[PDB]
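The file input-v4.tsv contains TSV, C-alpha atoms and all ligand atoms:
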```tsv
chain	number	residue	atom	x	y	z
A	1	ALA	CA	17.82	-8.45	-19.33
A	2	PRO	CA	17.90	-5.19	-21.37
A	3	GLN	CA	21.15	-3.36	-20.58
A	4	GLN	CA	19.24	-0.08	-20.23
A	5	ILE	CA	17.20	-1.67	-17.42
A	6	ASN	CA	20.29	-3.33	-15.89
A	7	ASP	CA	22.34	-0.10	-15.90
A	8	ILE	CA	19.75	2.35	-14.54
A	9	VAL	CA	18.67	0.00	-11.74
A	10	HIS	CA	22.19	-0.91	-10.56
A	11	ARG	CA	23.58	2.62	-10.91
A	12	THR	CA	20.68	4.02	-8.85
A	13	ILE	CA	20.19	1.30	-6.21
A	14	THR	CA	23.86	0.53	-5.36
A	15	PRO	CA	24.63	4.05	-3.99
A	16	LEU	CA	21.18	4.14	-2.34
A	17	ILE	CA	22.03	0.97	-0.37
A	18	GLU	CA	25.50	2.33	0.53
A	19	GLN	CA	24.24	5.74	1.70
A	20	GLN	CA	21.18	4.39	3.54
A	21	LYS	CA	23.06	1.37	4.97
A	22	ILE	CA	20.37	-1.01	3.68
A	23	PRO	CA	21.06	-4.64	4.74
A	24	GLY	CA	19.01	-6.19	1.93
A	25	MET	CA	16.92	-5.09	-1.01
A	26	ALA	CA	14.79	-6.44	-3.83
A	27	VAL	CA	13.71	-4.46	-6.90
A	28	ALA	CA	11.35	-5.24	-9.76
A	29	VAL	CA	10.97	-3.11	-12.85
A	30	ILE	CA	7.95	-3.72	-15.07
A	31	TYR	CA	8.93	-2.64	-18.59
A	32	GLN	CA	6.37	-3.02	-21.39
A	33	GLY	CA	4.45	-5.33	-19.02
A	34	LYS	CA	7.37	-7.67	-18.32
A	35	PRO	CA	9.06	-7.95	-14.89
A	36	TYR	CA	12.82	-7.72	-14.35
A	37	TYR	CA	14.32	-8.65	-10.99
A	38	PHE	CA	17.29	-7.44	-8.96
A	39	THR	CA	18.44	-8.37	-5.45
A	40	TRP	CA	21.22	-7.26	-3.08
A	41	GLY	CA	22.55	-8.18	0.34
A	42	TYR	CA	20.99	-10.06	3.21
A	43	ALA	CA	17.53	-11.09	4.36
A	44	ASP	CA	19.20	-12.30	7.59
A	45	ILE	CA	22.61	-10.88	8.52
A	46	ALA	CA	23.22	-13.26	11.45
A	47	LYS	CA	22.41	-16.39	9.42
A	48	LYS	CA	24.04	-15.05	6.21
A	49	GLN	CA	20.82	-15.56	4.21
A	50	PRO	CA	20.88	-13.57	0.95
A	51	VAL	CA	17.89	-11.68	-0.50
A	52	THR	CA	16.26	-13.76	-3.22
A	53	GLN	CA	13.24	-13.35	-5.48
A	54	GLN	CA	11.50	-15.57	-2.86
A	55	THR	CA	12.37	-13.43	0.18
A	56	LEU	CA	9.37	-12.06	2.13
A	57	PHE	CA	9.48	-8.38	3.13
A	58	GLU	CA	6.99	-6.50	5.32
A	59	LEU	CA	5.19	-4.07	3.02
A	60	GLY	CA	3.94	-1.89	5.86
A	61	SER	CA	1.51	0.70	4.44
A	62	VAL	CA	1.80	-0.64	0.90
A	63	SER	CA	-0.71	-3.10	2.47
A	64	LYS	CA	-3.30	-0.28	2.07
A	65	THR	CA	-3.36	-0.81	-1.71
A	66	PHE	CA	-4.55	-4.39	-1.20
A	67	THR	CA	-7.11	-3.09	1.31
A	68	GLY	CA	-8.37	-0.47	-1.20
A	69	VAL	CA	-8.69	-3.05	-3.98
A	70	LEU	CA	-10.43	-5.63	-1.74
A	71	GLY	CA	-12.74	-2.75	-0.78
A	72	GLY	CA	-13.38	-1.87	-4.42
A	73	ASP	CA	-14.06	-5.55	-5.12
A	74	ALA	CA	-16.75	-5.55	-2.37
A	75	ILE	CA	-18.27	-2.44	-3.98
A	76	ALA	CA	-18.27	-4.22	-7.36
A	77	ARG	CA	-19.94	-7.24	-5.71
A	78	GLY	CA	-22.72	-4.91	-4.48
A	79	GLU	CA	-21.88	-5.77	-0.87
A	80	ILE	CA	-21.04	-2.21	0.20
A	81	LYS	CA	-21.28	1.33	-1.13
A	82	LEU	CA	-18.74	4.07	-0.34
A	83	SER	CA	-21.66	6.41	0.36
A	84	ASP	CA	-22.86	4.06	3.14
A	85	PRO	CA	-22.82	5.49	6.69
A	86	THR	CA	-20.08	3.90	8.80
A	87	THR	CA	-22.86	2.94	11.26
A	88	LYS	CA	-24.62	0.73	8.67
A	89	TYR	CA	-21.89	-1.90	9.22
A	90	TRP	CA	-21.16	-1.11	12.87
A	91	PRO	CA	-24.53	-0.25	14.48
A	92	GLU	CA	-22.86	-0.13	17.93
A	93	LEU	CA	-21.12	3.07	16.79
A	94	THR	CA	-23.97	5.20	18.17
A	95	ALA	CA	-21.92	8.29	19.14
A	96	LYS	CA	-23.26	11.35	17.31
A	97	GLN	CA	-19.99	12.57	15.73
A	98	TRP	CA	-20.36	9.53	13.45
A	99	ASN	CA	-23.42	10.96	11.67
A	100	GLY	CA	-22.25	11.93	8.19
A	101	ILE	CA	-19.12	9.76	8.32
A	102	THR	CA	-19.19	7.33	5.39
A	103	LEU	CA	-17.05	4.41	4.21
A	104	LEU	CA	-15.58	6.84	1.65
A	105	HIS	CA	-14.29	9.05	4.51
A	106	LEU	CA	-12.75	6.07	6.30
A	107	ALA	CA	-11.11	4.74	3.12
A	108	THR	CA	-9.60	8.13	2.19
A	109	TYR	CA	-8.55	9.51	5.63
A	110	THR	CA	-11.18	12.30	5.44
A	111	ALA	CA	-13.38	11.31	8.43
A	112	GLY	CA	-12.30	14.40	10.39
A	113	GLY	CA	-8.97	13.55	12.02
A	114	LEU	CA	-8.91	9.90	12.98
A	115	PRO	CA	-5.41	9.34	14.49
A	116	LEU	CA	-2.42	7.80	12.66
A	117	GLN	CA	-2.33	4.75	14.92
A	118	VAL	CA	-4.83	2.79	16.97
A	119	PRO	CA	-3.40	2.98	20.52
A	120	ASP	CA	-1.41	-0.07	21.70
A	121	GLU	CA	-3.78	-0.09	24.72
A	122	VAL	CA	-6.53	-1.31	22.39
A	123	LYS	CA	-6.16	-5.07	22.81
A	124	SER	CA	-9.76	-6.33	22.52
A	125	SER	CA	-12.87	-5.74	20.39
A	126	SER	CA	-14.66	-3.87	23.21
A	127	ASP	CA	-11.53	-1.69	23.49
A	128	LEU	CA	-11.80	-0.87	19.77
A	129	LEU	CA	-15.47	0.10	20.10
A	130	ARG	CA	-14.65	2.35	23.07
A	131	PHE	CA	-11.80	3.93	21.09
A	132	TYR	CA	-13.97	4.81	18.05
A	133	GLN	CA	-16.98	5.87	20.14
A	134	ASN	CA	-14.85	8.20	22.26
A	135	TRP	CA	-12.84	9.74	19.38
A	136	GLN	CA	-13.66	13.40	18.86
A	137	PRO	CA	-13.13	14.84	15.33
A	138	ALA	CA	-11.39	18.18	14.86
A	139	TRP	CA	-13.05	18.72	11.47
A	140	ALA	CA	-16.31	18.10	9.63
A	141	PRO	CA	-16.31	14.98	7.41
A	142	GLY	CA	-14.80	15.38	3.94
A	143	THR	CA	-12.94	18.63	4.67
A	144	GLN	CA	-9.39	17.58	5.64
A	145	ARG	CA	-7.10	14.62	4.89
A	146	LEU	CA	-5.07	13.14	7.73
A	147	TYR	CA	-3.27	9.90	6.85
A	148	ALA	CA	-4.45	7.35	9.40
A	149	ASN	CA	-4.21	3.60	9.97
A	150	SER	CA	-7.29	3.83	12.23
A	151	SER	CA	-9.19	5.29	9.27
A	152	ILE	CA	-8.45	2.84	6.42
A	153	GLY	CA	-7.99	0.02	8.95
A	154	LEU	CA	-11.62	0.45	9.98
A	155	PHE	CA	-12.67	0.71	6.31
A	156	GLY	CA	-10.98	-2.64	5.66
A	157	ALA	CA	-12.65	-4.36	8.60
A	158	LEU	CA	-16.15	-3.07	7.69
A	159	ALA	CA	-15.91	-3.62	3.92
A	160	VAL	CA	-15.78	-7.42	4.43
A	161	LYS	CA	-18.64	-7.69	6.99
A	162	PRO	CA	-21.39	-8.46	4.40
A	163	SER	CA	-19.28	-11.31	2.97
A	164	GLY	CA	-19.18	-12.89	6.45
A	165	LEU	CA	-15.51	-13.66	5.79
A	166	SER	CA	-12.68	-12.54	8.01
A	167	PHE	CA	-10.51	-9.81	6.49
A	168	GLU	CA	-7.72	-12.37	5.88
A	169	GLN	CA	-10.01	-15.04	4.31
A	170	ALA	CA	-11.63	-12.44	2.07
A	171	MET	CA	-8.22	-11.04	1.06
A	172	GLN	CA	-6.87	-14.53	0.29
A	173	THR	CA	-9.92	-15.78	-1.64
A	174	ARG	CA	-10.84	-12.56	-3.47
A	175	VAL	CA	-7.46	-10.93	-4.23
A	176	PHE	CA	-4.41	-13.13	-3.50
A	177	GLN	CA	-5.70	-16.37	-5.07
A	178	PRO	CA	-7.27	-15.00	-8.31
A	179	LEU	CA	-4.08	-13.01	-8.98
A	180	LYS	CA	-1.93	-16.05	-8.11
A	181	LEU	CA	-0.13	-14.19	-5.34
A	182	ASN	CA	0.84	-17.48	-3.71
A	183	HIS	CA	3.63	-15.98	-1.57
A	184	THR	CA	1.75	-12.99	-0.19
A	185	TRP	CA	0.62	-13.25	3.43
A	186	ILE	CA	-1.18	-11.38	6.17
A	187	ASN	CA	0.25	-13.98	8.56
A	188	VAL	CA	3.56	-15.66	7.60
A	189	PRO	CA	2.96	-19.43	7.76
A	190	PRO	CA	5.60	-21.79	9.24
A	191	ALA	CA	6.32	-23.10	5.69
A	192	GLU	CA	7.51	-19.61	4.68
A	193	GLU	CA	9.59	-18.70	7.76
A	194	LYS	CA	12.85	-19.67	6.00
A	195	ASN	CA	12.07	-16.91	3.42
A	196	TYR	CA	10.90	-14.23	5.89
A	197	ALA	CA	13.59	-11.54	6.06
A	198	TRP	CA	14.45	-9.84	9.30
A	199	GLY	CA	13.95	-6.10	9.40
A	200	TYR	CA	16.67	-3.96	10.92
A	201	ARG	CA	16.13	-1.03	13.26
A	202	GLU	CA	19.15	0.53	15.02
A	203	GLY	CA	21.13	-2.68	14.34
A	204	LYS	CA	18.54	-5.04	15.88
A	205	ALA	CA	16.65	-7.78	14.01
A	206	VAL	CA	12.90	-6.96	14.18
A	207	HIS	CA	9.53	-8.11	12.87
A	208	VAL	CA	6.26	-6.12	12.99
A	209	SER	CA	4.37	-6.59	16.29
A	210	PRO	CA	0.65	-7.51	16.37
A	211	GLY	CA	-1.83	-4.66	16.80
A	212	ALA	CA	-5.50	-3.81	16.25
A	213	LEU	CA	-6.43	-3.54	12.55
A	214	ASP	CA	-2.83	-4.40	11.52
A	215	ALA	CA	-3.90	-6.67	8.62
A	216	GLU	CA	-6.04	-3.91	7.14
A	217	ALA	CA	-3.48	-1.09	7.47
A	218	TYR	CA	0.14	-2.38	7.49
A	219	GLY	CA	0.24	-6.18	7.79
A	220	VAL	CA	0.93	-7.73	4.39
A	221	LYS	CA	4.22	-9.52	3.68
A	222	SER	CA	5.17	-10.30	0.07
A	223	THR	CA	7.99	-11.31	-2.30
A	224	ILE	CA	9.43	-9.25	-5.15
A	225	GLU	CA	7.81	-11.60	-7.70
A	226	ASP	CA	4.35	-11.33	-6.16
A	227	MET	CA	4.74	-7.54	-5.87
A	228	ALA	CA	5.70	-7.26	-9.55
A	229	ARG	CA	2.57	-9.30	-10.34
A	230	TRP	CA	0.58	-6.90	-8.10
A	231	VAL	CA	1.93	-3.97	-10.17
A	232	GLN	CA	1.06	-5.75	-13.46
A	233	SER	CA	-2.48	-6.40	-12.17
A	234	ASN	CA	-2.90	-2.71	-11.32
A	235	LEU	CA	-1.25	-1.49	-14.55
A	236	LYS	CA	-3.73	-3.31	-16.80
A	237	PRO	CA	-6.76	-4.37	-14.73
A	238	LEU	CA	-8.62	-5.34	-17.93
A	239	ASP	CA	-6.45	-8.47	-18.31
A	240	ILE	CA	-8.08	-9.80	-15.13
A	241	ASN	CA	-10.77	-12.48	-15.60
A	242	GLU	CA	-12.72	-11.90	-12.37
A	243	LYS	CA	-15.01	-8.98	-13.14
A	244	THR	CA	-15.52	-7.65	-9.61
A	245	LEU	CA	-11.73	-7.70	-9.03
A	246	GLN	CA	-11.03	-5.86	-12.31
A	247	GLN	CA	-13.70	-3.30	-11.31
A	248	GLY	CA	-12.28	-3.10	-7.76
A	249	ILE	CA	-8.84	-2.23	-9.13
A	250	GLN	CA	-10.41	0.49	-11.28
A	251	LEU	CA	-12.30	1.92	-8.30
A	252	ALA	CA	-9.09	2.00	-6.20
A	253	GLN	CA	-7.41	4.25	-8.80
A	254	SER	CA	-10.36	6.63	-9.06
A	255	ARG	CA	-9.70	10.18	-7.82
A	256	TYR	CA	-11.89	11.05	-4.83
A	257	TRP	CA	-10.09	14.05	-3.32
A	258	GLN	CA	-7.38	16.50	-4.31
A	259	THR	CA	-4.76	18.14	-2.11
A	260	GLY	CA	-2.02	20.08	-3.90
A	261	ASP	CA	-0.87	17.98	-6.86
A	262	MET	CA	-2.02	14.67	-5.32
A	263	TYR	CA	-5.26	12.75	-5.74
A	264	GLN	CA	-6.48	10.30	-3.08
A	265	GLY	CA	-7.53	6.86	-4.30
A	266	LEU	CA	-8.43	3.78	-2.26
A	267	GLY	CA	-5.00	2.93	-0.86
A	268	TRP	CA	-3.31	4.19	-4.02
A	269	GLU	CA	-2.41	7.84	-4.41
A	270	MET	CA	-2.04	9.51	-7.82
A	271	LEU	CA	-0.45	12.51	-9.56
A	272	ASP	CA	-0.86	13.55	-13.20
A	273	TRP	CA	1.88	12.25	-15.50
A	274	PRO	CA	4.21	13.92	-16.44
A	275	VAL	CA	5.03	14.71	-12.81
A	276	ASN	CA	7.26	17.35	-11.26
A	277	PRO	CA	9.99	15.25	-9.52
A	278	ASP	CA	10.07	17.33	-6.92
A	279	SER	CA	6.29	17.45	-6.46
A	280	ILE	CA	6.54	13.74	-5.48
A	281	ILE	CA	10.02	13.69	-3.89
A	282	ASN	CA	8.87	16.58	-1.87
A	283	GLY	CA	5.59	15.27	-1.38
A	284	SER	CA	2.88	13.54	0.52
A	285	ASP	CA	1.20	11.53	1.68
A	286	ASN	CA	1.55	12.13	5.10
A	287	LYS	CA	3.70	15.18	4.74
A	288	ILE	CA	5.92	12.84	6.75
A	289	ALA	CA	5.90	13.97	9.30
A	290	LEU	CA	2.57	14.42	9.66
A	291	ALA	CA	0.28	16.66	7.75
A	292	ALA	CA	-3.36	17.69	8.04
A	293	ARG	CA	-4.33	19.02	4.60
A	294	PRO	CA	-7.58	20.56	3.26
A	295	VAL	CA	-9.17	18.48	0.48
A	296	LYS	CA	-11.23	19.45	-2.54
A	297	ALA	CA	-13.96	16.90	-3.23
A	298	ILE	CA	-13.84	15.51	-6.75
A	299	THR	CA	-17.55	15.34	-7.44
A	300	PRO	CA	-18.02	12.79	-8.91
A	301	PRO	CA	-14.72	10.81	-8.66
A	302	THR	CA	-12.68	10.74	-11.87
A	303	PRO	CA	-12.20	7.21	-13.20
A	304	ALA	CA	-8.68	5.78	-13.12
A	305	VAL	CA	-6.52	8.08	-15.28
A	306	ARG	CA	-4.00	6.22	-17.47
A	307	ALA	CA	-1.58	9.17	-17.53
A	308	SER	CA	-0.83	9.00	-13.78
A	309	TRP	CA	2.06	8.35	-11.46
A	310	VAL	CA	0.29	5.86	-9.19
A	311	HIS	CA	2.19	5.10	-6.00
A	312	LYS	CA	2.30	4.11	-2.33
A	313	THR	CA	5.06	4.30	0.26
A	314	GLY	CA	5.15	1.83	3.17
A	315	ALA	CA	7.16	1.19	6.34
A	316	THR	CA	7.30	-0.88	9.50
A	317	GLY	CA	9.90	-0.53	12.30
A	318	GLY	CA	12.42	-2.59	10.28
A	319	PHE	CA	11.25	-2.35	6.64
A	320	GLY	CA	10.86	0.28	3.90
A	321	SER	CA	8.83	-0.29	0.72
A	322	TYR	CA	7.76	1.66	-2.35
A	323	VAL	CA	5.61	0.93	-5.38
A	324	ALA	CA	5.03	3.23	-8.38
A	325	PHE	CA	3.61	2.72	-11.87
A	326	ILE	CA	2.45	4.66	-14.93
A	327	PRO	CA	-0.46	2.84	-16.64
A	328	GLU	CA	-0.17	4.67	-19.97
A	329	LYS	CA	3.44	3.47	-20.35
A	330	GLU	CA	3.01	-0.10	-18.99
A	331	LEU	CA	5.84	0.89	-16.65
A	332	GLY	CA	6.35	0.25	-12.92
A	333	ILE	CA	8.76	-0.34	-10.06
A	334	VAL	CA	8.78	-2.15	-6.72
A	335	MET	CA	11.47	-1.45	-4.13
A	336	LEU	CA	11.55	-3.71	-1.04
A	337	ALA	CA	14.10	-3.19	1.76
A	338	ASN	CA	14.66	-4.59	5.27
A	339	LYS	CA	15.45	-1.16	6.70
A	340	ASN	CA	13.00	1.73	7.14
A	341	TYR	CA	14.90	4.45	5.21
A	342	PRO	CA	13.56	7.97	4.35
A	343	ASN	CA	10.63	8.16	1.91
A	344	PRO	CA	12.16	10.94	-0.29
A	345	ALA	CA	15.15	8.65	-1.05
A	346	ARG	CA	12.85	5.87	-2.31
A	347	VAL	CA	10.79	8.24	-4.44
A	348	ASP	CA	13.97	9.81	-5.88
A	349	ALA	CA	15.41	6.45	-6.93
A	350	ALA	CA	12.08	5.25	-8.35
A	351	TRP	CA	11.88	8.54	-10.29
A	352	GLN	CA	15.49	8.19	-11.57
A	353	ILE	CA	14.72	4.65	-12.79
A	354	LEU	CA	11.27	5.19	-14.38
A	355	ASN	CA	12.17	8.53	-16.01
A	356	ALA	CA	15.11	6.89	-17.80
A	357	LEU	CA	12.98	3.97	-18.99
A	358	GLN	CA	9.87	5.79	-20.27
B	401	LIG	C1	2.81	-24.84	-5.98
B	401	LIG	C2	4.23	-24.74	-6.56
B	401	LIG	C3	4.57	-26.09	-7.16
B	401	LIG	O1	5.74	-26.55	-7.19
B	401	LIG	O2	3.59	-26.69	-7.63
B	401	LIG	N1	5.11	-24.25	-5.51
B	401	LIG	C4	5.81	-25.01	-4.69
B	401	LIG	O3	6.48	-26.01	-5.07
B	401	LIG	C5	5.87	-24.33	-3.31
B	401	LIG	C6	7.31	-24.64	-3.17
B	401	LIG	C7	8.35	-24.76	-4.20
B	401	LIG	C8	8.31	-23.21	-4.58
B	401	LIG	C9	7.36	-22.44	-3.60
B	401	LIG	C10	7.68	-23.31	-2.42
B	401	LIG	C11	5.84	-22.85	-3.76
B	401	LIG	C12	5.29	-22.97	-5.19
B	401	LIG	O4	5.08	-22.03	-5.95
B	402	LIG	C1	3.96	2.27	6.58
B	402	LIG	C2	3.65	3.62	7.20
B	402	LIG	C3	4.35	4.61	6.31
B	402	LIG	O1	5.57	4.77	6.43
B	402	LIG	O2	3.71	5.20	5.40
B	402	LIG	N1	3.80	3.44	8.68
B	402	LIG	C4	4.84	3.14	9.50
B	402	LIG	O3	5.93	3.68	9.54
B	402	LIG	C5	4.42	1.96	10.38
B	402	LIG	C6	4.48	1.80	11.92
B	402	LIG	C7	3.73	0.47	12.22
B	402	LIG	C8	2.20	0.70	11.89
B	402	LIG	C9	2.26	2.20	11.61
B	402	LIG	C10	3.40	2.71	12.48
B	402	LIG	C11	2.95	2.14	10.27
B	402	LIG	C12	2.69	3.31	9.37
B	402	LIG	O4	1.64	3.95	9.29
```
Structure encoded using structure tokens:
Amino acid sequence: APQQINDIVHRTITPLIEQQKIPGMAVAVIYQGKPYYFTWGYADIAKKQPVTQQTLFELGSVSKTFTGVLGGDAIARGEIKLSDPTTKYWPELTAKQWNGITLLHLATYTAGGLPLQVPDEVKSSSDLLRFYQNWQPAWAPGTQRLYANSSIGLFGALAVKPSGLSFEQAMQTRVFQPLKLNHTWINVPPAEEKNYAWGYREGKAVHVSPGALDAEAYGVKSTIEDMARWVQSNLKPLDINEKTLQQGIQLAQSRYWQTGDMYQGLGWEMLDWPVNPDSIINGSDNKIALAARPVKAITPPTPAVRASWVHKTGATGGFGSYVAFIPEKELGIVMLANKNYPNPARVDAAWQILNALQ
């Protein structure tokens, strides 16, 4: 491994782990297209299992990038259009407030204030219908961004309806398999349980609990190797042999809305490179905690801009993840941890590392 890569990673991550009390961590740096791997600590404290390049971490909301891309793939296949009314794919959604709410709004959290979480009370399909029918927007569609699992979650579920595949089957066949992400899972199979890290929340070992639209919004588990390959696939989508998938990746990094210095993609969020630290450390997306922001429509959406900081933060109760890349520089980072530690700390470390390497 290049000593420059070795030194910046270790010097940045070691104190991060110490200060955040992170039980276990995996990091990939993509430098000139090539992945370099680094691991620390424990996937399972009790059983003394170390973090390896084969350890599975819960990605949490980094799952939304897969959802966005699968969605873009369905657009490329001609199965859906982002301008489609939500009701085209869910005709039972007859409540009036849904008039004017498109798949674009769902995908980009601009539907008019769909809540961050689907309520735990929603435990059936009829429950979910009731929930969406009864939801009252605070804002007109396409006027404000409010980060919401119930928004992109619903986008994910509807985007696959024409295919007739379940969200999981469609994700596996159309994204995971073609990209050879053979250790990326919506549901961790028994064969992989030995590699599945425990997350840690207030000293307890925890895994994400099932919930409505969890797959679509926060339910992917992946290894550092697969995540590096995910970054490579998004850094240079033209190297991909399946056309619709290559096009789907491109669509996911298009710029649909602007708030402040950030542009909303499908799952991915983007800022112009070079970035103000600062404006990302600071920043988004979210406002964590939690931020209704006015959006300016980008009419029409700007195609994927090479000179971008493209990123997504993700958490579950026991895990914290971060992915960032700069297409123009063939440069990226994945940080996977089995503790949910503050977003600004992840962004700072990712910035420290990538700035030094570009
Ligand atoms: C398919 C490939 C192989 O050896 O052909 N492979 C496996 O062996 C399973 C086991 C050995 C490594 C991992 C678990 C997974 C993998 O990539
Ligand atoms: C990943 C995301 C984030 O940090 O950006 N996030 C969470 O903390 C988890 C908790 C579990 C689902 C929801 C709440 C989920 C969420 O939106």
Open item on the list: Would you pick out the contacts of residue 250 (chain A) at 10 Å or less, using only C-alpha atoms, so that residues sharing its chain but fewer than 3 positions from it are not included, and give the list as a VMD selection string?
Closed with: chain A and resid 69 72 to 73 76 234 to 238 244 to 247 253 to 254 265 to 266 303 to 305
- [ ] For ligand LIG 401 (chain B), list the contacting residues at 10 Å or closer, counting all atoms listed in the file, as a list in words.
- [x]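 Going residue by residue within 10 Å of ligand LIG 401 (chain B), we get residues 54, 180, 181, 182, 183, 191, 192 and 195 of chain A.
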TODO: Could the residues that lie within 7 Å of ligand LIG 402 (chain B), counting only C-alpha atoms and all ligand atoms, be listed as a list in words?
DONE: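 Selection of residues at most 7 Å from ligand LIG 402 (chain B): residues 60, 61, 62, 116, 117, 148, 149, 218, 313, 314, 315, 316 and 317 of chain A.
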- [ ] Go ahead and compute the interatomic distance for CA of residue 345 (chain A) and CA of residue 201 (chain A), in Å to one decimal.
- [x] 17.3 Å
Open item on the list: Just the number, please: distance in Å from CA of residue 188 (chain A) to CA of residue 175 (chain A), one decimal.
Closed with: 16.8 Å
TODO: Write out as a PyMOL selection string the residues lying within 7 Å of residue 113 (chain A), counting only C-alpha atoms and excluding same-chain residues fewer than 6 positions away.
DONE: chain A and resi 137-139+146
Store the residues of this selection in a file with C-alpha atoms, as an mmCIF file, in the coordinates of the input.
```cif
data_model
loop_
_atom_site.group_PDB
_atom_site.id
_atom_site.type_symbol
_atom_site.label_atom_id
_atom_site.label_comp_id
_atom_site.auth_asym_id
_atom_site.auth_seq_id
_atom_site.Cartn_x
_atom_site.Cartn_y
_atom_site.Cartn_z
ATOM 1 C CA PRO A 137 -13.130 14.840 15.330
ATOM 2 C CA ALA A 138 -11.390 18.180 14.860
ATOM 3 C CA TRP A 139 -13.050 18.720 11.470
ATOM 4 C CA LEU A 146 -5.070 13.140 7.730
#
```
Open item on the list: Here is a test: counting only C-alpha atoms, which residue of A:4, A:51, A:36, A:164 is nearest to residue 79 (chain A)?
Closed with: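 Closest residue, counting only C-alpha atoms: A:164.
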- [ ] Would you be able to write out as a ChimeraX atom specification which residues have an atom within 12 Å of (0.6, 18.7, 4.3) in the file's coordinates, counting only C-alpha atoms?
- [x] /A:144-147,258-262,282-295
Task: A:98, A:268, A:200, A:38 ranked by distance to residue 23 (chain A), top pick (using all atoms listed in the file) - done: A:200
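Across the model, the gap from CA of residue 357 (chain A) to CA of residue 7 (chain A) is 10.7 Å.
Between residue 335 (chain A) and the residues A:58, A:214, A:239, A:44, the shortest atom-to-atom distance, using only C-alpha atoms, involves A:58.
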Open item on the list: Calculated over only C-alpha atoms, which of the candidates A:170, A:46, A:206, A:353 has the smallest distance to residue 332 (chain A)?
Closed with: A:353
Open item on the list: Which residues are close to residue 9 (chain A), i.e. within 10 Å by only C-alpha atoms, leaving aside same-chain residues fewer than 5 positions away? Reply as a VMD selection string.
Closed with: chain A and resid 3 to 4 14 27 to 29 37 to 38 349 to 350 352 to 354 356
Take the residues from that selection and put them in a file with C-alpha atoms, as a PDB file, in the frame of the given file.
```
ATOM      1  CA  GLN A   3      21.150  -3.360 -20.580  1.00  0.00           C
ATOM      2  CA  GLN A   4      19.240  -0.080 -20.230  1.00  0.00           C
ATOM      3  CA  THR A  14      23.860   0.530  -5.360  1.00  0.00           C
ATOM      4  CA  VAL A  27      13.710  -4.460  -6.900  1.00  0.00           C
ATOM      5  CA  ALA A  28      11.350  -5.240  -9.760  1.00  0.00           C
ATOM      6  CA  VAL A  29      10.970  -3.110 -12.850  1.00  0.00           C
ATOM      7  CA  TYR A  37      14.320  -8.650 -10.990  1.00  0.00           C
ATOM      8  CA  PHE A  38      17.290  -7.440  -8.960  1.00  0.00           C
ATOM      9  CA  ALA A 349      15.410   6.450  -6.930  1.00  0.00           C
ATOM     10  CA  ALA A 350      12.080   5.250  -8.350  1.00  0.00           C
ATOM     11  CA  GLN A 352      15.490   8.190 -11.570  1.00  0.00           C
ATOM     12  CA  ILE A 353      14.720   4.650 -12.790  1.00  0.00           C
ATOM     13  CA  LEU A 354      11.270   5.190 -14.380  1.00  0.00           C
ATOM     14  CA  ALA A 356      15.110   6.890 -17.800  1.00  0.00           C
TER      15      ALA A 356
END
```
Task: Nearest to residue 56 (chain A), chosen from A:178, A:24, A:142, A:248, with only C-alpha atoms counted in the distances - done: A:24
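The residue that comes closest to residue 196 (chain A), out of A:94, A:223, A:110, A:143 and on the basis of only C-alpha atoms, is A:223.
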Open item on the list: List the spatial neighbours of residue 310 (chain A) as a PyMOL selection string - criterion: any atom at most 9 Å away, only C-alpha atoms, same-chain residues fewer than 2 positions off excluded.
Closed with: chain A and resi 253+268-272+308+312+323-327
Open item on the list: Env of residue 93 (chain A): 12 Å cut, atoms = all atoms listed in the file, seq-sep filter 3 positions within chain, self excluded. Answer as a PyMOL selection string.
Closed with: chain A and resi 85-90+96-99+101+126+128-135+154
